[PDB]
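Counting from 1, the numbers follow the sequence of the chain as shown. Remember, it's 1-based here, ligands and their atoms both numbered in the order they're listed.
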Amino acid sequence: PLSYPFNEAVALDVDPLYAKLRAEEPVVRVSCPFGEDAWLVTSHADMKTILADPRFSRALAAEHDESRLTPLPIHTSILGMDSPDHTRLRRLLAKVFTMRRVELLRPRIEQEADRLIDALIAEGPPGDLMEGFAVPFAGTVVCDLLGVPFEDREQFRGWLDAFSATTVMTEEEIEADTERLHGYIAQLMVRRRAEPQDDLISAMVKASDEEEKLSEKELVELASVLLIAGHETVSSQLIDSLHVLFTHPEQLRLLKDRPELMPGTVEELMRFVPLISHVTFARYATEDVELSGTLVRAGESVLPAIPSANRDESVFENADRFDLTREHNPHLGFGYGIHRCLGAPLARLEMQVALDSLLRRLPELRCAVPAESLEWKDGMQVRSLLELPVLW
Ligand code: HEM
Ligand SMILES: CN[C@H](C(=O)N[C@H](CO)Cc1c[nH]c2ccccc12)C(C)C
């Protein structure tokens, strides 16, 4: 089997092999950096199957040496479960993580975006849209929603990479940092259990205590992945989307002249940005399934290359082009099926507010350096810039 990943990810460049695989051999056997060999899955149609079909299981990974890019299997909480356990956590979260709760955050999210831009302007150009905007924006928002104090970022931020590192941390460092984050969240739950605030951890603890619906460990691990998704995934998608807009100035011009395009722009950025560096978490077949002429037998794993599905020309016309006017856009950037992203309404709100605020307050915003001088963060399961210097 081919060794996978075929090539380490570069900037937002997509490996040309995916297009070749989608054309000529959409499912290919590979050997993974860690765990069992796997079937790499590349097409949109097969991606929906392995993410949503009940014959593909996440919970069965725990009974294998899970095919993976990370030295140890990730503690993915709800994203590691099947029904019924999955249903139990999903339902608790749906009941507390409501559309109303998110939409009610809108004034505070808009205010935080304005405050960060006030600071950028006060500090003078060039500013860093990563550490000076995307990171503290995403961080304050998820911290406010979850009830993790943003003032604790200095302690907890250095543990998050353990949930994402592929090539750049040892087993022992990952275990230690995973334990630190879980232990940190566990102590916060003792406080929020005694002294509830208007945040997700408080309401999760209350709903769970009152129905004996979740173990402490399950609560800790679930709150932990919510922190990572809000802090790391949002800021990564946001900074990558800014790079795409800067490098497609014609589309950026169109967005500023027709702001009603912003909802569709956010969806096109979800599809076009190859945010996931390679694949999301593996699933295992419960029965034989044929995908694209390749037989995946029971007990074998599949790797969902979501970014490749989002570049599937059989689904998106000119899929290799960023077009923020695109109307047909069944992208899988928020997943699909049972494990589809519960945070997508919030992520969409954050993306819209952040891009609208920057374009309205900083109309002349532009990248301060050639795209070739940028430093990207390597060795993680998602792509992000370390710095995005800008002028206005
Ligand atoms: C731009 C931002 C985000 C992107 C691109 C994103 C992407 C995704 C994707 C692709 C999945 C499915 C993974 C798979 O099936 O292997 C997922 C699941 C999930 N996401 Fe998001 N996410 C984002 C933000 C968030 C936020 C802000 C939260 C919560 C605060 C969140 C919470 C979750 C949860 C809990 C799941 C698992 C749901 C389940 O297993 O039923 N995400 N996300
Ligand atoms: C490769 N998997 C991607 C990722 O960034 N995963 C990260 C790093 O492994 C962990 C994570 C982010 N959002 C989560 C939600 C629930 C459990 C785990 C995570 C996708 C999840 C985007």
Could you tell me the residue and atom name of the protein heavy atom closest to atom 4 (C) of ligand 2, and the distance to it rounded to 0.1 Å? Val382 CG1, 4.1 Å
Could you tell me whether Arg297 and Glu290 make a salt bridge, using a distance below 4.0 angstrom between a side-chain N and a carboxylate O? no
Could you check whether any side-chain heavy atom of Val302 comes within less than 4.5 Å of a side-chain heavy atom of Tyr284, counting everything from C-beta outward? no
protein heavy-atom neighbour closest to atom 7 (C) of ligand 1 works out as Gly333 O, 3.4 Å
May I ask you to identify the nearest protein heavy atom to atom 2 (C) of ligand 1, giving residue, atom name and distance to one decimal place in Å? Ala347 CB, 3.7 Å
Within the structure, does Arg340 bring an N/O atom to less than 3.5 angstrom of an N/O atom in ligand 1? no
Is the shortest distance from a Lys or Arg side-chain nitrogen in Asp320 or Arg311 to a carboxylate oxygen in the other one below 4.0 Å? no
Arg88/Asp85 salt bridge by N-O under 4.0 Å criterion: yes
Numbered atoms and elements of ligand 1 in range of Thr233, under 4.0 angstrom, heavy atoms: 2 (C), 3 (C), 4 (C), 5 (C), 6 (C), 23 (C)
Within ligand 2, which atoms have a heavy atom of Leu79 less than 4.0 Å away? 16 (C), 17 (C)
From the options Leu188, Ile185, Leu214, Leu181, select the one residue that forms a side-chain contact (heavy atoms from CB on, under 4.5 Å) with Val220. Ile185
Any N or O of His339 closer than 3.5 Å to N or O of ligand 1: yes
Of the backbone atoms (N, CA, C, O) and the side-chain heavy atoms from C-beta on, which set of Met270 has a member under 4.0 Å from an atom of ligand 1: side chain, backbone, both, or neither? side chain
Any heavy atom of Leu275 under 4.0 Å from ligand 1? The part involved is side chain
Test of ring centre spacing under 6.0 Å for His44 and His331: no
Could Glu112 and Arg108 be called an ion pair, given the rule that one side-chain N must be under 4.0 Å from one carboxylate O? no
Can you name the atoms of ligand 1, numbered from 1 with element, that are less than 4.0 Å from a heavy atom of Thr280? 13 (C), 14 (C), 16 (O)
Per-atom filter on ligand 1: closer than 4.0 angstrom to a heavy atom of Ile338 are 41 (O)
Just which atoms of ligand 1 are under 4.0 Å from any heavy atom in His86? 39 (C), 40 (O), 41 (O)
Around atom 16 (C) of ligand 2, find the nearest protein heavy atom and jot down its residue, atom name and distance. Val225 CB, 3.6 Å
Can an N or O of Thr76 be found at a distance shorter than 3.5 Å from an N or O of ligand 2? no
If we set the cut-off at 4.0 Å for heavy atoms, which region of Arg283 has an atom near ligand 1: side chain, backbone, both, or neither? side chain
Are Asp46 and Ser292 close enough that a side-chain donor and a side-chain acceptor fall under 3.5 Å? yes
For ligand 1, note which part of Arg90 has a heavy atom under 4.0 Å away: side chain, backbone, both or neither. side chain
Ion pair check, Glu25 and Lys20, cut-off under 4.0 Å: no
Can you tell me if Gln237 uses its side chain to pair, donor with acceptor, with the backbone of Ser384 under 3.5 Å? no
Charged N to carboxylate O below 4.0 Å: is that the case for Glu103 and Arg106? yes
For atom 34 (C) of ligand 1, what's the nearest protein heavy atom and its distance? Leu342 N, 4.3 Å
Run the salt-bridge test on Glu260 and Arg258 with the 4.0 Å N-O cut-off and return the result as yes or no. yes
Looking at atom 2 (N) of ligand 2, what's its closest protein heavy atom, distance included? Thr280 OG1, 3.3 Å
To atom 8 (C) of ligand 1, the nearest of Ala138, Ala344, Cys341 on a heavy-atom basis is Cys341
Kindly state whether the ring of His75 and the ring of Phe281 have centres lying under 6.0 angstrom apart. no
Does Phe97 approach ligand 1 within less than 4.0 angstrom via side chain, backbone, both or neither, non-hydrogen atoms only? side chain
Considering heavy atoms of the protein only, find what lies nearest to atom 11 (C) of ligand 2 and give residue, atom and distance to 0.1 Å. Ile228 CG2, 4.2 Å
Looking at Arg383 and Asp378, would you say the former's side chain and the latter's main chain have a donor-acceptor pair under 3.5 Å? no
Atom indices of ligand 1, in the order listed, that fall short of 4.0 Å to a heavy atom of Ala229: 25 (C), 26 (C), 28 (C), 31 (C), 32 (C), 42 (N)
Between ligand 1 and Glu350, is the shortest N or O to N or O distance under 3.5 Å? no
Is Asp53 salt-bridged to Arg55, going by a charged N under 4.0 Å from an acidic O? yes
Per-atom contacts, ligand 1 versus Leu226 - under 4.0 Å to a heavy atom: 29 (C), 30 (C), 35 (C)
Which of the atoms of ligand 2 are close to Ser164, meaning less than 4.0 Å from one of its heavy atoms? 8 (C), 9 (O)
Charged N to carboxylate O below 4.0 Å: is that the case for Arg180 and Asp177? yes
Please identify which atoms of ligand 1 are closer than 4.0 Å to at least one heavy atom of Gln237. 1 (C)
Short N or O distance, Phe163 and ligand 2, threshold 3.5 Å exclusive: yes
heavy-atom search around atom 13 (N) of ligand 2 in the protein gives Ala229 CB, 3.6 Å
Tell me, which protein residue and heavy-atom name are nearest atom 1 (C) of ligand 2, and how many Å apart are they? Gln381 NE2, 3.4 Å
May I ask you to say whether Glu211 pairs ionically with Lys206, meaning some side-chain N is under 4.0 Å from a carboxylate O? no
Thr233 and ligand 2 - part of the residue with a heavy-atom distance under 4.0 Å: side chain
